[PDB]
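Okay, so here's the structure we're looking at.
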Protein chains: 2
Amino acid sequence: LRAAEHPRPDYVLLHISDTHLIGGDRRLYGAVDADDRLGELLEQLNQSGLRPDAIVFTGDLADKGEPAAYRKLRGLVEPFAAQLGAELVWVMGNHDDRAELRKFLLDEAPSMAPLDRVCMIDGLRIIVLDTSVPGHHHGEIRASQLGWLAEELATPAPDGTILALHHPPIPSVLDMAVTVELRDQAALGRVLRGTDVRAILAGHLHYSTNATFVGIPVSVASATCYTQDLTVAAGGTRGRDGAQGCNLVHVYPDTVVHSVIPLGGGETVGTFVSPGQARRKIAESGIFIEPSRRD
Amino acid sequence: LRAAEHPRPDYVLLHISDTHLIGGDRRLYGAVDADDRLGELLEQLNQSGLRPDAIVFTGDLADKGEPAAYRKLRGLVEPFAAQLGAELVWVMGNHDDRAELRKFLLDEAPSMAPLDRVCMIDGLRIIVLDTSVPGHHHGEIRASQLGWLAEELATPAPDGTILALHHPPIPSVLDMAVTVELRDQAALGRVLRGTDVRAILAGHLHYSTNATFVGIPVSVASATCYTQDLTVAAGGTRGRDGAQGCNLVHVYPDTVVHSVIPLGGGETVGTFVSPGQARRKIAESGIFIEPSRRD
Ligand SMILES: [Fe+3]
Ligand SMILES: [Fe+3]
Ligand SMILES: [Mn+2]
Ligand SMILES: [Mn+2]
């Protein structure tokens with residue numbers, strides 16, 4: 001047998017975003033059951049057998065920063081993360097409330113300080129940055145946050161770094177996005193350029209998009225609740241109950257792969273290949289896949 | 001008014017892939033009407049008012065390389081491209097037949113030579129590479145193709161270069177993909193490293209995914225006919241009638257943005273903002289968007 005072109009990944013992360021849960025049982029904006037949409041996705045991910053190292057939620061967790069929404073989100077997601085053996089990484093969005101998030105999501109004293117955090121998963125560094133501005137919807141990063149980020153990034157991590165934030169430092173194809181985009185991206189660019197940041201995970205746009213920023217790949221996950229219709233009349237915007245899902249992140253020795261996971265379903269087209277049948281077929285094609293360095 | 005963080009893009013491209021049309025009126029694999037799926041997408045893109053510089057189809061145009069499929073594809077797509085004022089760029093996939101594609105899609109003498117081509121859109125270079133292997137489904141790039149590519153890339157283009165091919169030089173999250181992946185990626189990497197290639201557009205995987213290859217962003221568009229369900233049992237594969245669409249590519253002075261366009265539709269969530277209302281709202285937020293360098 002000959003080795004496939006790439007080994008199994010070093011790390012696997014789920015990248016979920018923009019859950020927008022509300023307290024109680026009403027439909028989000030009277031139009032979509034955000035709990036049901038998120039719940040269906042989590043159940044599908046659970047049934048798939050995926051075993052990620054971490055699950056990262058890139059902001060807009062609660063639509064109006066409601067305590068009851070955070071409690072519900074925690075009750076849905078914590079058992080999911082525990083069942084998958086995954087660490088859980090939460091990020092602020094413009095809809096969240098720092099104090100209520102701390103209290104009800106994190107069991108931490110309420111504070112209005114930016115939710116900026118760092119952790120390690122073995123050799124991989126994850127930095128959480130808070131681009132939210134209390135009482136506002138556009139993104140900003142304070143000078144103090146940039147200083148902190150620069151100091152953290154002064155040395156690299158063995159497997160490099162993933163930066164998780166809400167407002168992405170990239171252009172949007174939707175004109176309305178400019179009203180609420182991350183401001184003064186140049187200042188963040190000066191901090192990030194030349195560092196070991198291998199991926200910037202983001203949300204906010206409610207559609208799947210990717211680019212680079214000062215040479216670093218940016219990956220924006222779409223939303224679990226509702227998404228932007230990119231077939232809208234040019235210049236406009238329409239959110240819709242459709243195309244929800246999340247992203248899967250694979251960290252390899254030499255690259256990071258982002259993949260869009262739409263909600264499961266749709267009638268089968270072509271042959272369904274079971275895991276067992278796939279193992280047989282791959283061997284019959286004369287190939288083996290080299291194990292992960294972290295197996 | 002203050003300027004938004006990014007100007008309008010220099011270039012706009014549609015990136016469509018894996019149409020898999022067949023001759024006559026039957027359903028692809030007896031499961032999905034590929035003509036209907038493609039047709040619906042084209043009509044939605046047409047109605048949106050998008051005016052791309054080019055439309056790039058990254059392979060698997062005809063499912064069995066049928067003359068009748070190429071004739072049909074041409075009849076659907078050429079009027080679409082003409083209506084949008086866009087140039088049309090065709091790329092070979094493993095399902096295509098070089099000779100029949102040349103004859104029926106391009107009005108060119110039948111030849112079994114690789115479909116390797118170059119063109120310019122103003123200052124932007126587009127290179128088409130043929131990763132297909134007649135009679136086979138995996139990807140290969142001949143030594144002669146690599147030499148040709150290296151010679152072309154010996155000098156940069158003013159707006160850099162987009163490389164369009166079928167089999168992407170990236171890992172897949174689906175195990176079965178290894179049986180038909182691009183082989184000897186290292187050799188392509190030696191050619192591409194350090195060149196002015198700003199984006200590698202690809203298909204083949206039938207799901208939306210992106211990564212880097214020797215420091216160059218790779219963007220894989222999903223398929224118009226049927227797509228992979230990434231909530232399938234780990235290790236397996238299931239194609240499905242759902243999540244079809246294409247990608248939109250925006251080339252800016254400093255970055256290239258790829259965005260997933262799922263099929264339009266779904267019930268409206270939140271407020272619909274017309275183009276006119278958006279212009280008003282953006283101005284009311286105290287912002288203007290700087291015009292394209294190519295306006
Ligand atoms: Fe949001
Ligand atoms: Fe295909
Ligand atoms: Mn947001
Ligand atoms: Mn293919």
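Residue names in the structure tokens use chain letters A, B, ... in the order shown, residue numbers from 1 in each chain, and ligand numbers from 1 in the order shown.
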Using only C-alpha atoms, determine which residues lie at most 8 Å from residue A:235, disregarding the query and same-chain residues fewer than 4 positions distant; provide the list as a PDB file with C-alpha atoms, in the first residue's frame.
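Written out: out38.pdb:
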ATOM      1  CA  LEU A 174     -22.953  42.513   1.477  1.00  0.00           C
ATOM      2  CA  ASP A 175     -22.978  46.332   1.519  1.00  0.00           C
ATOM      3  CA  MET A 176     -24.900  46.560   4.825  1.00  0.00           C
TER       4      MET A 176
ATOM      5  CA  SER B 274     -33.689  46.668  -0.456  1.00  0.00           C
ATOM      6  CA  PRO B 275     -30.641  48.049  -2.335  1.00  0.00           C
ATOM      7  CA  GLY B 276     -32.147  51.562  -2.031  1.00  0.00           C
ATOM      8  CA  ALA B 278     -29.241  49.879   2.169  1.00  0.00           C
ATOM      9  CA  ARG B 279     -27.777  52.953   0.448  1.00  0.00           C
TER      10      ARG B 279
END
*Identify, on the basis of only C-alpha atoms, every residue whose closest approach to stretch 56-58 of chain B does not exceed 9 Å; exclude the query and any residue fewer than 5 positions from it along the same chain; express the result as a PyMOL selection string.*
chain B and resi 13-19+87-93+128+164-167+201-204+220-221
For the selection you just gave me, I'd like the residues written to a file as a short mmCIF file (atom, residue, chain, number, x, y, z; two decimals), in the first residue's frame, keeping N, CA, C and O atoms.
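again-v4.cif was written with the following content:
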data_model
loop_
_atom_site.label_atom_id
_atom_site.label_comp_id
_atom_site.auth_asym_id
_atom_site.auth_seq_id
_atom_site.Cartn_x
_atom_site.Cartn_y
_atom_site.Cartn_z
N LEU B 13 -15.38 37.30 -9.75
CA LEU B 13 -15.52 36.07 -10.53
C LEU B 13 -16.57 35.18 -9.89
O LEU B 13 -16.68 35.12 -8.65
N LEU B 14 -17.34 34.49 -10.72
CA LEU B 14 -18.12 33.36 -10.21
C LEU B 14 -17.27 32.12 -10.36
O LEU B 14 -16.59 31.95 -11.37
N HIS B 15 -17.33 31.27 -9.35
CA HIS B 15 -16.60 30.01 -9.34
C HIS B 15 -17.65 28.91 -9.15
O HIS B 15 -18.18 28.72 -8.05
N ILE B 16 -17.95 28.23 -10.25
CA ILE B 16 -18.96 27.16 -10.30
C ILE B 16 -18.21 25.86 -10.58
O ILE B 16 -17.11 25.87 -11.15
N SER B 17 -18.77 24.73 -10.15
CA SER B 17 -18.03 23.47 -10.31
C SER B 17 -18.95 22.27 -10.36
O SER B 17 -20.06 22.29 -9.81
N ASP B 18 -18.47 21.22 -11.01
CA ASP B 18 -19.08 19.89 -10.85
C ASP B 18 -20.56 19.89 -11.21
O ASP B 18 -21.42 19.50 -10.40
N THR B 19 -20.83 20.32 -12.44
CA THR B 19 -22.20 20.38 -12.96
C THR B 19 -22.73 18.98 -13.31
O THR B 19 -23.93 18.71 -13.13
N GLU B 87 -16.61 36.91 -19.11
CA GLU B 87 -15.84 35.93 -19.85
C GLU B 87 -16.03 34.56 -19.22
O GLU B 87 -16.34 34.45 -18.03
N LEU B 88 -15.87 33.53 -20.03
CA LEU B 88 -16.17 32.17 -19.63
C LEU B 88 -14.89 31.35 -19.63
O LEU B 88 -14.14 31.35 -20.62
N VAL B 89 -14.64 30.67 -18.52
CA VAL B 89 -13.43 29.87 -18.35
C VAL B 89 -13.82 28.44 -17.99
O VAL B 89 -14.43 28.21 -16.94
N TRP B 90 -13.49 27.49 -18.87
CA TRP B 90 -13.82 26.08 -18.66
C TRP B 90 -12.58 25.30 -18.25
O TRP B 90 -11.49 25.54 -18.75
N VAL B 91 -12.77 24.33 -17.35
CA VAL B 91 -11.67 23.52 -16.79
C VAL B 91 -12.08 22.04 -16.86
O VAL B 91 -13.23 21.70 -16.61
N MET B 92 -11.13 21.17 -17.22
CA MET B 92 -11.36 19.71 -17.21
C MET B 92 -11.50 19.14 -15.79
O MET B 92 -10.78 19.54 -14.88
N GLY B 93 -12.43 18.19 -15.63
CA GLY B 93 -12.45 17.33 -14.46
C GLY B 93 -12.28 15.87 -14.87
O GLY B 93 -12.22 15.56 -16.07
N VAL B 128 -5.45 27.96 -16.47
CA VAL B 128 -6.26 26.74 -16.38
C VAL B 128 -5.31 25.55 -16.49
O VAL B 128 -4.53 25.45 -17.44
N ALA B 164 -6.76 27.78 -11.86
CA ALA B 164 -8.01 27.03 -11.83
C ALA B 164 -7.74 25.59 -12.26
O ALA B 164 -7.12 25.36 -13.29
N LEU B 165 -8.17 24.63 -11.44
CA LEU B 165 -7.95 23.21 -11.73
C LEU B 165 -9.07 22.41 -11.07
O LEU B 165 -9.91 22.99 -10.38
N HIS B 166 -9.11 21.09 -11.29
CA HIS B 166 -10.18 20.28 -10.71
C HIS B 166 -9.81 19.67 -9.36
O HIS B 166 -10.47 19.94 -8.34
N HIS B 167 -8.78 18.81 -9.36
CA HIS B 167 -8.36 18.10 -8.15
C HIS B 167 -7.54 19.03 -7.24
O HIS B 167 -6.45 19.48 -7.63
N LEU B 201 -8.35 27.92 -7.44
CA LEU B 201 -9.77 27.53 -7.49
C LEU B 201 -9.87 26.08 -7.91
O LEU B 201 -9.27 25.68 -8.91
N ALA B 202 -10.66 25.31 -7.17
CA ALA B 202 -10.76 23.87 -7.41
C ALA B 202 -12.17 23.35 -7.18
O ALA B 202 -13.05 24.10 -6.73
N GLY B 203 -12.38 22.08 -7.49
CA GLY B 203 -13.67 21.43 -7.25
C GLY B 203 -13.42 20.02 -6.74
O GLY B 203 -12.65 19.82 -5.79
N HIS B 204 -14.11 19.05 -7.36
CA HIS B 204 -13.88 17.60 -7.15
C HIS B 204 -14.46 17.03 -5.84
O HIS B 204 -14.99 15.93 -5.85
N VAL B 220 -12.13 25.44 -2.64
CA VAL B 220 -12.86 24.38 -3.33
C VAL B 220 -14.33 24.75 -3.30
O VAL B 220 -14.92 24.85 -2.22
N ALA B 221 -14.92 24.98 -4.47
CA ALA B 221 -16.36 25.19 -4.58
C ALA B 221 -17.07 23.84 -4.46
O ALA B 221 -16.55 22.82 -4.93
#
The distance between atom CA of residue A:49 and atom CA of residue A:70 is 26.3 Å
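Every residue of stretch 67-122 of chain B found in helix (DSSP H, G or I) when DSSP is run on the backbone appears here: residues 67, 68, 69, 70, 71, 72, 73, 74, 75, 76, 77, 78, 79, 80, 81, 82, 83, 84, 98, 99, 100, 101, 102, 103, 104, 105 and 106 of chain B.
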*Quick one: residues within 12 Å of stretch 30-36 of chain B, only C-alpha atoms counted, chain neighbours fewer than 3 positions away excluded, as a PyMOL selection string?*
(chain A and resi 266-271) or (chain B and resi 18-27+39-43+61-63+69-70+72-77+223-227+239-242+244-245+263)
* Mind checking which residues fall within 10 Å of residue B:173, counting only C-alpha atoms, ignoring those fewer than 2 positions away in the same chain, and posting them as a PyMOL selection string? => (chain A and resi 8-9+248-250+257-259) or (chain B and resi 170-171+175-178+205+207+209+230+234-235)
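Nearest residue to ligand 4, choosing from B:121, B:180, B:101, B:283 and counting only C-alpha atoms and all ligand atoms: B:180.
With only C-alpha atoms and all ligand atoms as the basis for measurement, A:222 is the residue among A:155, A:222, A:47, A:144 that approaches ligand 3 most closely.
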Task: Shell around residue A:196 at 8 Å using only C-alpha atoms, local window under 2 positions removed, as an NGL selection string - done: :A and (153 or 156-157 or 160-161 or 194 or 198)
Preceding selection exported with C-alpha atoms as a PDB file, in the first residue's frame:
ATOM      1  CA  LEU A 153       2.153  36.546  20.397  1.00  0.00           C
ATOM      2  CA  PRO A 156       5.081  31.085  19.083  1.00  0.00           C
ATOM      3  CA  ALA A 157       3.392  27.872  20.207  1.00  0.00           C
ATOM      4  CA  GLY A 160       1.038  27.598  16.187  1.00  0.00           C
ATOM      5  CA  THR A 161      -2.014  29.597  17.163  1.00  0.00           C
ATOM      6  CA  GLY A 194       4.562  37.686  11.002  1.00  0.00           C
ATOM      7  CA  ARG A 198      -2.362  29.919  11.508  1.00  0.00           C
TER       8      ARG A 198
END
